[PDB]
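Since the structure comes first, as structure tokens, the remarks are kept for the end.
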Amino acid sequence: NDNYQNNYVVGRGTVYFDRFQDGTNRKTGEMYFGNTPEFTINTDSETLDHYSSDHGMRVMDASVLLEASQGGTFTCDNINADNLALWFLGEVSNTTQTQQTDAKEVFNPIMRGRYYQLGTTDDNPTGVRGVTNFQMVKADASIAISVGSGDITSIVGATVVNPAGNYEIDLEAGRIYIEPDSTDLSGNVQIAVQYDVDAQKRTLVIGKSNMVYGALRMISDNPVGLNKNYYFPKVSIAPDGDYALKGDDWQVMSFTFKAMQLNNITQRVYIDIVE
């Protein structure tokens, strides 16, 4: 048979993952990754080989597969909180920050020519955003300041600082820049501050250190060649390589997955054939 019609194929498809509820096989539901530049399946394998000791040199008597480790790599261009939480071995948390007025804080060590983030606490460890009002007072750094009640001008040894030539404020970011040549804040100075925090909805990804299991699936829409879909009933997802935040290319996360047997009845991978 000379003329045989080959299935020459150019790969294109949508990749989905469903995180299991931690400590279980219970599916949360298939999140689409967005655009994946690559999706590759790999298989390292090791074999136990037996050689005859009764005849010849290195005549193989037997061999068996010890394991083939099915698994793979994929990248995605789509940067969002779900993909980032999956890459950072962690969790998306959505919150509204507490609207608070006359929130007060102290910066006991200060160097000028530096940035300070307002409202860094266990509730918001990346700090406040959206400040409506701000004021600050300087003091000598050896003074043991505390600010339990009243405005910051009430505290012992303190003096009001005007902004011009002493500080700049990014009200949206919640950030103070102490000016690098500032006259009022040279020497052994400390600061106390006071601000008003707006109510706003905000998303964090928290990079904890948890092994993320789930089921992986690629559905293919190949522009040439017959299409076929891939399902991995359990995988463990992990970050692969490194994630470049600056460069002339598009940002990509890279993921690696190891395929696993969900239970003793299921295969590690199923390929579904359209025709």
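Virtual Cβ from ideal backbone geometry, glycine too; neighbours counted across all protein chains shown. Read-outs throughout are calculated quantities, based only on the coordinates presented, and are distinct from any laboratory measurement.
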**Study point:** Rounded if a/c under 1.5, otherwise prolate or oblate - segment 1-124, Cα gyration tensor axes
**Key:** prolate
Check your understanding: Stretch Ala244-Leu84 to full length: gain in nm at 0.36 nm per residue minus the Cα-Cα span?
Key -> 56.3 nm
Check your understanding: Rounded to the nearest 20 Debye, what is the dipole magnitude of segment 98-199 about its Cα centre when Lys and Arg each give +1 and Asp and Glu each give -1 at the C-beta?
Key -> 220 debye
Review point. At what distance in nm do the modelled label points of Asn25 and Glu172 sit from each other, each positioned 7 Å from its Cα along Cα→Cβ?
Key: 4.9 nm
Practice item. Work out how much length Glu275 to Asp196 would gain on full extension: take 0.36 nm times their residue separation and subtract the Cα-Cα distance, in nm to one decimal. Key: 22.1 nm
Point to revise | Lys, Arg +1 and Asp, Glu -1 on Cβ, resulting dipole of the chain about Cα centre, debye, nearest 20 | key: 460 debye
Check your understanding: Applying the Karplus parametrisation 6.51 cos²θ - 1.76 cosθ + 1.60 with θ = phi - 60° to the phi angles of segment 250-257, what ³J(HN,Hα) value in whole Hz is obtained for each residue in order, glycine and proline being reported as x?
Key -> 4, 5, 10, 8, 10, 10, 10, 10
Review point. Along the charge dipole of the chain, which of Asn7, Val156, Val137 sits closest to the positive end, that is, farthest toward it, with unit charges on the beta carbon of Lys, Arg, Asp and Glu (+1, +1, -1, -1)?
Key: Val156
Check your understanding: Once amide H atoms are built 1.01 Å from N in the peptide plane, which residues 5 or more positions from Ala173, or in another chain, come under 5 Å H to H?
Key -> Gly130
Review point. Using the Cα gyration tensor of segment 98-199, with a ≥ b ≥ c the square roots of its eigenvalues, what is the shape: rounded (a/c below 1.5), prolate (a/b larger than b/c) or oblate (neither)?
Key: oblate
Check your understanding: In whole Hz, what ³J(HN,Hα) sequence does segment 188-195 give by Karplus (6.51, -1.76, 1.60; θ = phi - 60°), x for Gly and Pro?
Key -> 7, 7, 10, 10, 10, 10, 8, 8
**Study point:** Whole-number percent relative contact order across segment 98-199, with pairs defined as alpha carbons under 8 Å at least 6 apart
**Key:** 49 percent
Review point. From the backbone phi of segment 230-239, what are the Karplus-calculated ³J(HN,Hα) couplings (6.51 cos²θ - 1.76 cosθ + 1.60, θ = phi - 60°) in whole Hz, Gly and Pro given as x?
Key: 10, 10, 10, x, 9, 9, 9, 7, 9, x
Revision key, fill the gap. Note to self: C-alpha centroids of segment 176-244 and segment 53-118 sit apart, in Å, by 9 Å
Review point. So for the chain, taking the charge dipole from beta-carbon charges (+1 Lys/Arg, -1 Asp/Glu), which of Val64, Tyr167, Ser209 sits furthest toward the positive end?
Key: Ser209
Exercise for review: Could you work out the Kirkwood radius for the chain, taking every pair of different alpha carbons, averaging 1/r and inverting it, reported in Å?
Suggested key: 24.2 Å
Check your understanding: Sorted by mean Cβ packing within 10 Å, highest first, what order do the peptides 131-140, 108-117, 28-37, 253-262 take?
Key -> 253-262, 131-140, 28-37, 108-117
**Study point:** Residue order, fewest to most surrounding Cβ atoms within 10 angstrom, among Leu185, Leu65, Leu226
**Key:** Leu65, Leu226, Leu185
Check your understanding: Simple spin-label model, 7 Å along Cα-to-Cβ: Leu226 to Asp18 in nm?
Key -> 2.7 nm
